[PDB]
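Okay, structure first, notes after.
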Amino acid sequence: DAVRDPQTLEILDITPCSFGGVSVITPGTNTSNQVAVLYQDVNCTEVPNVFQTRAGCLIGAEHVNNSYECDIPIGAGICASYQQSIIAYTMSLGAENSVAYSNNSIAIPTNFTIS
Amino acid sequence: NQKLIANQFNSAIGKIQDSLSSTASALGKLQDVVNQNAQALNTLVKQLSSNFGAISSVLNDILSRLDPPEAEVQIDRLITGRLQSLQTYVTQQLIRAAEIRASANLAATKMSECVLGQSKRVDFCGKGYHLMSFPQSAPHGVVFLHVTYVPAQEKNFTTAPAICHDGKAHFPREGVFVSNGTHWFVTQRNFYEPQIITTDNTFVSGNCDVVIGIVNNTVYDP
Amino acid sequence: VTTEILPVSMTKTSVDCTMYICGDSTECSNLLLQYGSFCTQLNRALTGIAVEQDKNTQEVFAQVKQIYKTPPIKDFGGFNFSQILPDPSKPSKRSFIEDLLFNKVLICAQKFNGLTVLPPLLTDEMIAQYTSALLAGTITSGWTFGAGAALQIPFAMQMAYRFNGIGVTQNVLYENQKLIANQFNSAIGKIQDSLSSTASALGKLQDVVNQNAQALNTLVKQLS
Amino acid sequence: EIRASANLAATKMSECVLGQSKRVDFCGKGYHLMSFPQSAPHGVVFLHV
Ligand SMILES: *[C@@H]1O[C@H](CO)[C@@H](O[C@@H]2O[C@H](CO)[C@@H](O)[C@H](O)[C@H]2NC(C)=O)[C@H](O)[C@H]1NC(C)=O
Ligand SMILES: *[C@@H]1O[C@H](CO)[C@@H](O[C@@H]2O[C@H](CO)[C@@H](O)[C@H](O)[C@H]2NC(C)=O)[C@H](O)[C@H]1NC(C)=O
Ligand SMILES: *[C@@H]1O[C@H](CO)[C@@H](O[C@@H]2O[C@H](CO)[C@@H](O)[C@H](O)[C@H]2NC(C)=O)[C@H](O)[C@H]1NC(C)=O
Ligand SMILES: *[C@@H]1O[C@H](CO)[C@@H](O[C@@H]2O[C@H](CO)[C@@H](O)[C@H](O)[C@H]2NC(C)=O)[C@H](O)[C@H]1NC(C)=O
Ligand SMILES: *[C@@H]1O[C@H](CO)[C@@H](O[C@@H]2O[C@H](CO)[C@@H](O)[C@H](O)[C@H]2NC(C)=O)[C@H](O)[C@H]1NC(C)=O
Ligand SMILES: *[C@@H]1O[C@H](CO)[C@@H](O)[C@H](O)[C@H]1NC(C)=O
Ligand SMILES: *[C@@H]1O[C@H](CO)[C@@H](O)[C@H](O)[C@H]1NC(C)=O
Ligand SMILES: *[C@@H]1O[C@H](CO)[C@@H](O)[C@H](O)[C@H]1NC(C)=O
Ligand SMILES: *[C@@H]1O[C@H](CO)[C@@H](O)[C@H](O)[C@H]1NC(C)=O
Ligand SMILES: *[C@@H]1O[C@H](CO)[C@@H](O)[C@H](O)[C@H]1NC(C)=O
Ligand SMILES: *[C@@H]1O[C@H](CO)[C@@H](O)[C@H](O)[C@H]1NC(C)=O
């Protein structure tokens, strides 16, 4: 991981050239032939709608501020879906619900369903 | 509600019928098992086309060209590779079989506890309060139709842990105390059904100076 | 209060078979093709594991449909939850106890051989949100949130149901409500101190980490 | 092994957190009242009351 140069006695560090897996994000071909590509654990400055995330550099997916239920997982909280074009978003964990708690209030079902 | 319950049940069964007829992916858990084993066999068979360093993947071709002193060397390369490929297959099947065994044990447990009984284990026999279940046969598997009771329409009520009648603290025997804003009733917890509070549906223990949140009301004694 | 610790997931490693065996070598890579699909099925086996680890996490924590929240006024009949509920003063909305667990429980050298690590689908912040929702539900609706819509119920009444469940009448709770709240609050404090003090308390999770670290170090050293 | 542990953890979440268990020594030692999940590195911690 390091070498002393033979002409000038300089110490150099050696790192591998950037590499990583390449994953293709796609809706099925029944819907679209449009794809997005994830360069896993790679910087967006090393690879050559470019979104840098923890999982890697995601290219071809439009990043939006709207969360949705998870469709195609990317990793690190990011999912992608086809909605048309491919988009990337932080997945929602579900709708929020503040429970109307008080020391003297009880909810009681008045009906039921059979599921 | 017997007529309603029968209708809700019959409707829910019809929904299963349509869901299964429509959604191809519904049985993905069983199809995945089939696919994993199919891939394992296709991989095993395709390995027979590998040379593994030999002059040929075909044993007959090695033997048609070479005499034993040379053929054995080429054959040893195929044996090593084919034996290794077969060992890999078997190991994967033993691990995969263990997963299926665990699933089968779970299925057997559900059969006993969900079909041959009524479970009090939450989310074990479906999502909701388990009533009953019905097994159905499936390719290399079992499908359970879990019938559950689920609370529906909503209403808020005022409550209290106890009622102060004669200075004594009255607690509900089976349900909870509720109020509609003017009158107090006792009702079963999972279904609103208010009843007049009487000495027959409450019990008495201690006095009103200990219970936090106790309210004043009348307990009737027919 | 008893602490039970269980592994849920494993680090999602990914090993590139060709890179590992024949890193940056065309001559080696071609020889490796004589072994057929061995690399394809090894890459597949590890991929299957990685997928499973996200599934394991999802099945344990995503059991709640909605993200429930507690009210601004935490009046739970004398029962204190500040140790197990989130404290938003910091970027990660974890509880005090969770911070202790997290604080208690090389990668370049490994990575350089085609050994990458994939991030979990659910980040620590999302796991914390799920546990907060499960906890908020447990506290404000008891078990009803697990069988449908969450009912609201006073915490003391919820406890009364739980006492009935164990064969103890309701008045025992109410008559001793102050004592019970104190015993509970004290027991929680004991957990806080036990975790702060005993390093080995989370050995079950650390052991999983250690086994996987050894497996990778062994794999990498074999290249020598 | 991890899958088995995760399945156990998922079972406990449902039966110990989203309910009250009558299974002895399943949700702690004693008569189970309730439990609270806590997040942990690659795992879950249950506080069983
Ligand atoms: C409880 O809910 C059920 C539906 O799940 C109600 O039944 C429906 O009532 C409407 C009229 O408002 C009818 O048009 C539907 O056809 C009924 N459905 C079924 C399956 O019968 C029922 O009336 C509700 N009960 C109470 C007391 O509110
Ligand atoms: C609380 O419930 C009681 C009992 O049903 C209600 O009192 C009745 O009100 C009806 C009119 O809707 C009268 O015809 C009955 O004679 C009343 N019964 C009694 C015993 O007084 C009461 O109105 C409800 N309160 C609220 C706020 O809804
Ligand atoms: C419930 O009713 C009792 C009386 O039956 C109330 O008792 C009074 O409490 C006040 C405050 O300490 C005293 O000044 C009165 O002298 C008490 N009255 C009697 C007859 O002893 C009690 O406060 C009521 N509780 C609620 C919540 O309304
Ligand atoms: C709930 O418990 C927390 C501690 O877990 C209480 O906060 C502490 O209060 C004491 C004073 O009595 C301070 O010295 C500590 O530094 C506080 N600790 C923290 C983390 O803030 C809190 O007051 C209790 N809540 C209620 C309603 O009693
Ligand atoms: C039941 O046991 C509890 C302790 O677990 C008793 O509470 C303690 O009482 C002593 C006095 O003898 C106090 O000094 C302690 O501070 C109390 N501890 C707590 C947590 O409150 C309680 O008195 C006993 N009850 C009965 C009926 O014997
Ligand atoms: C040749 O190598 C020696 C190493 O001691 C170094 O001092 C010298 O400067 C080098 N000469 C050139 C032209 O690089
Ligand atoms: C897939 O394409 C076929 C046409 O070849 C169509 O009939 C079917 O409904 C499509 N399914 C989906 C989910 O798009
Ligand atoms: C990519 O490089 C930039 C510098 O141009 C740096 O600031 C950023 O943090 C790097 N991102 C990753 C994932 O390495
Ligand atoms: C999300 O909103 C912020 C402003 O709060 C903005 O700066 C950011 O660019 C937006 N991101 C996307 C993907 O729209
Ligand atoms: C109960 O009251 C709260 C307000 O505190 C309200 O938001 C909620 O919708 C009410 N629920 C029902 C069933 O009325
Ligand atoms: C119930 O909560 C209210 C605040 O919302 C408080 O004023 C009241 O005293 C509490 N009741 C009891 C019995 O503690």
Side-chain angles (χ1 to χ4, degrees), chain A residues 26-35 69 71-72 81-86 98-108 110, chain B residues 18-28 31 153 155-165 167 169-172 175-188 191-198 201 206-222, chain C residues 69-81 139-141 152-160 170-171 173-182 184-185:
Chain A
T26 186
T29 55
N30 221 73
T31 299
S32 181
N33 291 328
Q34 184 175 358
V35 301
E69 64 274 20
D71 193 21
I72 301 168
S81 65
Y82 187 75
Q83 291 182 248
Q84 295 190 58
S85 66
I86 298 169
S98 295
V99 175
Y101 177 88
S102 71
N103 47 344
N104 63 348
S105 183
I106 188 164
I108 301 174
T110 63
Chain B
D18 289 343
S19 181
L20 290 173
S21 295
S22 176
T23 299
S25 64
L27 273 63
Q31 186 62 50
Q153 296 191 351
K155 289 197 180 187
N156 281 349
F157 299 98
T158 296
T159 188
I163 291 171
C164 190
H165 176 65
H170 290 68
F171 301 91
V176 297
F177 291 135
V178 298
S179 178
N180 68 3
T182 62
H183 289 73
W184 284 86
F185 305 97
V186 59
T187 189
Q188 65 181 292
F191 187 79
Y192 186 63
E193 185 183 63
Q195 298 185 335
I196 292 91
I197 299 168
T198 73
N201 58 28
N207 62 54
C208 298
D209 292 328
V210 75
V211 177
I212 299 166
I214 192 166
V215 301
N216 271 306
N217 220 259
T218 298
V219 179
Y220 298 90
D221 53 357
Chain C
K69 296 184 180 178
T70 58
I73 306 302
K74 295 183 180 73
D75 184 341
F76 299 116
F79 289 83
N80 192 330
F81 301 115
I139 293 167
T140 65
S141 65
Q152 68 271 22
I153 188 169
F155 192 78
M157 290 178 67
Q158 179 178 310
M159 286 300 293
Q170 293 186 74
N171 60 294
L173 172 69
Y174 293 120
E175 291 173 10
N176 294 287
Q177 183 173 335
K178 226 280 187 188
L179 174 62
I180 292 166
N182 286 339
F184 175 76
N185 291 339

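We count ligands from 1, going down the list as the structure has it; atoms in each ligand are counted the same way. Below, chain A is the first sequence line, B the second, and so on; all start at residue 1. All heavy atoms count here, side chains included; hydrogens, waters and symmetry mates do not.
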State the [atom1]-[atom2] distance between [X] and [Y], to the nearest 0.5 angstrom.
{"X": "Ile106(A)", "Y": "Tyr101(A)", "atom1": "CD1", "atom2": "OH", "value": "11.0 Å"}
{"X": "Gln34(A)", "Y": "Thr29(A)", "atom1": "CD", "atom2": "OG1", "value": "13.5 Å"}
{"X": "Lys155(B)", "Y": "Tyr192(B)", "atom1": "NZ", "atom2": "OH", "value": "7.0 Å"}

Has ligand 11 got any nitrogen or oxygen that is less than 3.5 angstrom from a nitrogen or oxygen of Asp75(C)? no

Below 4.0 angstrom from a heavy atom of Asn180(B), which ligand 2 atoms are there? Numbered from 1 as shown, please.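 Those qualifying, in numeric order: 1 (C), 2 (O), 3 (C), 22 (C), 24 (C), 25 (N), 26 (C), 27 (C), 28 (O).
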
Numbering the atoms of ligand 2 from 1, which are under 4.0 Å from a heavy atom of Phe185(B)? 2 (O), 4 (C)

Do the ring planes of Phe76(C) and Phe155(C) sit parallel (below 30°), tilted (30 to 60°) or perpendicular (above 60°)? perpendicular

Distance to 0.1 Å, residue and atom name: give those for the protein heavy atom nearest to atom 23 (O) of ligand 2. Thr182(B) OG1, 4.6 Å

Identify, for atom 21 (O) of ligand 2, the protein heavy atom at the shortest distance, and state residue, atom and that distance.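 Residue, atom and distance for the closest contact: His183(B) NE2, 3.8 Å.
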
[atom] protein-contacted (non-hydrogen atom, under 4.0 angstrom):
{"atom": "atom 5 (O) of ligand 2", "answer": "no"}
{"atom": "atom 13 (C) of ligand 2", "answer": "no"}
{"atom": "atom 10 (C) of ligand 2", "answer": "no"}
{"atom": "atom 2 (O) of ligand 2", "answer": "yes"}
{"atom": "atom 17 (C) of ligand 2", "answer": "no"}

Whether [X] side chain and [Y] backbone form a donor-acceptor pair below 3.5 Å:
{"X": "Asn201(B)", "Y": "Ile197(B)", "result": "no"}
{"X": "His165(B)", "Y": "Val219(B)", "result": "yes"}
{"X": "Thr26(A)", "Y": "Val35(A)", "result": "no"}

Let's go through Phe184(C) and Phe81(C) carefully: what are the C-alpha distance in whole Å and the side-chain angles of both, what is the deciding distance for ring-ring contact (aromatic ring centres under 6.0 Å, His included) to 0.1 Å, and is it a yes or a no? CA-CA 10 Å; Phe184(C) 175 76; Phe81(C) 301 115; 5.8 Å; yes

Steps toward side chain to side chain donor-acceptor pair (under 3.5 Å) verdict (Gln152(C), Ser105(A)): CA-CA 7 Å; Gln152(C) 68 271 22; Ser105(A) 183; 3.2 Å; yes

Between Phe177(B) and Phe171(B), does the ring centroid distance fall short of 6.0 Å? no

Please list, in number order, the atoms of ligand 11 under 4.0 Å from a heavy atom of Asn103(A). 1 (C), 2 (O), 3 (C), 8 (C), 10 (C), 11 (N), 12 (C), 14 (O)

As a test of reading the model: which N/O atoms of the protein lie under 3.5 Å from N/O atoms of ligand 7, and at what distance?
| unit_1 | atom_1 | unit_2 | atom_2 | d |
| --- | --- | --- | --- | --- |
| ligand 7 | 2 (O) | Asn30(A) | OD1 | 3.0 |
| ligand 7 | 2 (O) | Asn30(A) | ND2 | 2.4 |
| ligand 7 | 11 (N) | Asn30(A) | ND2 | 3.0 |
| ligand 7 | 14 (O) | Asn30(A) | ND2 | 3.1 |

Apply side chain to side chain contact (heavy atoms under 4.5 Å, CB included) to the pair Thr140(C) and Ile153(C), showing each step before the final yes or no. CA-CA 6 Å; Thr140(C) 65; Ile153(C) 188 169; over 6 Å; no

